[PDB]
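Asker: Have a look at this one.
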Amino acid sequence: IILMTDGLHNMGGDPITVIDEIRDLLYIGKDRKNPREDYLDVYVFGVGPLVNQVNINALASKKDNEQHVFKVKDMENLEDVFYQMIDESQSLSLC
Amino acid sequence: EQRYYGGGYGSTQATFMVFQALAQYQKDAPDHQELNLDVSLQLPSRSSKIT
Amino acid sequence: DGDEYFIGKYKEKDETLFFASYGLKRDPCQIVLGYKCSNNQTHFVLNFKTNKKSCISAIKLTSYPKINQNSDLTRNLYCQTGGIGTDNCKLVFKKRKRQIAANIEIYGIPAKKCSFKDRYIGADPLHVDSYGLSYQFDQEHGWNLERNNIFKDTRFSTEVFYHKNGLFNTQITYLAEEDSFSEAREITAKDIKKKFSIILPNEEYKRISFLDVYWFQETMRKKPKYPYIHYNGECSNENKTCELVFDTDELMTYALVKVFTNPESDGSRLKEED
Ligand SMILES: *[C@@H]1O[C@H](CO)[C@@H](O[C@@H]2O[C@H](CO)[C@@H](O[C@@H]3O[C@H](CO)[C@@H](O)[C@H](O)[C@@H]3O)[C@H](O)[C@H]2NC(C)=O)[C@H](O)[C@H]1NC(C)=O
Ligand SMILES: *[C@@H]1O[C@H](CO[C@@H]2O[C@H](CO)[C@@H](O[C@@H]3O[C@H](CO)[C@@H](O)[C@H](O)[C@@H]3O)[C@H](O)[C@H]2NC(C)=O)[C@@H](O)[C@H](O)[C@H]1NC(C)=O
């Protein structure tokens, strides 16, 4: 799941319970012998200065040595990230 | 319970044999009996076996 | 039950060098009694070294949870440096996304009688090899056959290479049913160099007919570089003592050889193939 919310001021409840339902359908939050934690990944990108970081963090996923929560200054960085990702696979020829 | 240390007529070979047997007994027998335990346990909530 | 990976043969009458449980998701491990790790997504390395007058005899690693994958498809455990028969080896094991824990016990035997002839032979070697598998023969020419249930690799024509329980095995060349096993020879670590040779009797009832080689060797990679073992000259009836040389890309740690004799043999064995 990739989410590009600029706001997320809640209106109609919190989306934590539905994440719990989603991971219960896939048998993720029920056993520790087979956690199966890697079959669902939620990435949330923060845009603008009106972001609530704790709500985004509680909405996204958390696995060690990995970052699932991001934040950018402007919308320009949003496509800067993906243009850089495109250019990563390009040959070293271009400047 | 006997406490015999040789002495007599030809009481030499037996004393040597009993003393060498006692020496082997002391050399081989440890201060205790064999004890090597491998105790494991398993939990219904933990996948690993804690040994 | 767990996934048990074995290097060498377990002995019930020996002692263990050490025993520790390792969390494979830990970064890095806990240095238990003074041994270092290297843990990655795809590798787990233990740079174990002992301070006792003994030689490593076996290694057993138990991985949890049990995952239904055959262990004979590829290789998982190997001592990158040293190995069985030495006092220390850099033990490398490759992990999986499901395995999260490990339990490593290592066994050592006194350096005085540091031999493995008493465990790799068994009761009757006539029908059962070191691997514990029975011998199978064919009626086309009354000779042996081939096994295809373990990990094997080839480099040139008519080259046999087997790998099981850390054992690397080869046969030169083939064995007949009527042949009678005579004896075996062992090579210690102190007698191992980059290149070395052997001398065997080849007279009267000791006419060489078939030989097999089992060994423990190091690896610099997951894919090993097999030693170039080739026979020199002809083991004919004239030369009373037959010899065989070994050329090694990687230093060996242990070597075991079994001798098969048949006076009626002609000294050459090869199928009608080209
Ligand atoms: C994951 O971590 C493992 C170690 O736990 C890495 O394996 C190690 O990788 C290095 C570099 O690839 C190997 O070093 C080599 O040393 C020889 C010595 O002469 C040198 O000639 C080579 O050029 C190379 O530098 C090292 O041997 C190897 N260790 C084992 C046990 O295989 C692995 O590369 C890591 N994977 C990553 C970072 O993707
Ligand atoms: C049993 O020995 C076989 C012969 O030994 C090899 O060949 C010659 C003799 O045929 C050996 O001496 C050489 O002789 C040459 C003359 O023909 C000399 O010019 C040379 O300097 C040397 O003295 C030789 O040392 C020996 N080895 C080699 C590599 O040639 C041999 O053919 C059989 O294979 C062997 N049986 C075995 C190994 O089972």
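Each position is counted from 1, following the chain as shown.
The header says electron microscopy, 3.2 Å.
Just so it is clear, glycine is given a Cβ too, placed from its N, Cα and C backbone atoms.
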Asker: For the feature N-linked glycosylation site in Swiss-Prot, which residue out of C:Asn40, C:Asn239 does the record point to?
Answerer: C:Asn239
Asker: If you pull up Swiss-Prot, which of C:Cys37, C:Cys55, C:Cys79 shows a disulphide to C:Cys114?
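Answerer: Among C:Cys37, C:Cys55, C:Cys79, the record in Swiss-Prot lists C:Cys55 as the disulfide partner of C:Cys114.
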Asker: Can you tell me the three-state DSSP label for C:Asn239 (N-linked glycosylation site)?
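Answerer: SS state of C:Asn239 (N-linked glycosylation site) = coil.
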Asker: Which disulfide-bonded residues from the set C:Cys29, C:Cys55, C:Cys89, C:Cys114, C:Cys235, C:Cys242 have a C-beta atom lying less than 6 Å away from ligand 2?
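Answerer: Checking each Cβ against ligand 2, the ones under 6 Å are C:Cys235, C:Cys242.
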Asker: Determine the most Cβ-crowded residue among the disulfide-bonded residues C:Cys29, C:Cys55, C:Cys114, C:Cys242, using a 10 Å radius around each Cβ and all protein chains in the structure.
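Answerer: For the disulfide-bonded residues C:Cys29, C:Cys55, C:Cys114, C:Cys242, the Cβ with the most other Cβ atoms within 10 Å is C:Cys55.
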Asker: On a C-alpha basis, identify the one among C:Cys29, C:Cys37, C:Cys55, C:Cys79, C:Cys114 that is nearest to C:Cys242 (disulfide bond); the candidates are the disulfide-bonded residues.
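Answerer: Out of the listed candidates, the nearest Cα belongs to C:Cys114.
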Asker: Here's one to test understanding: among the disulfide-bonded residues C:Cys29, C:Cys55, C:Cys114, C:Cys235, whose C-alpha is closest in space to the C-alpha of C:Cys89 (disulfide bond)?
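Answerer: Nearest listed residue in space: C:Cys55.
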Asker: When DSSP states are folded down to helix, strand and coil, where does C:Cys55 (disulfide bond) land?
Answerer: strand
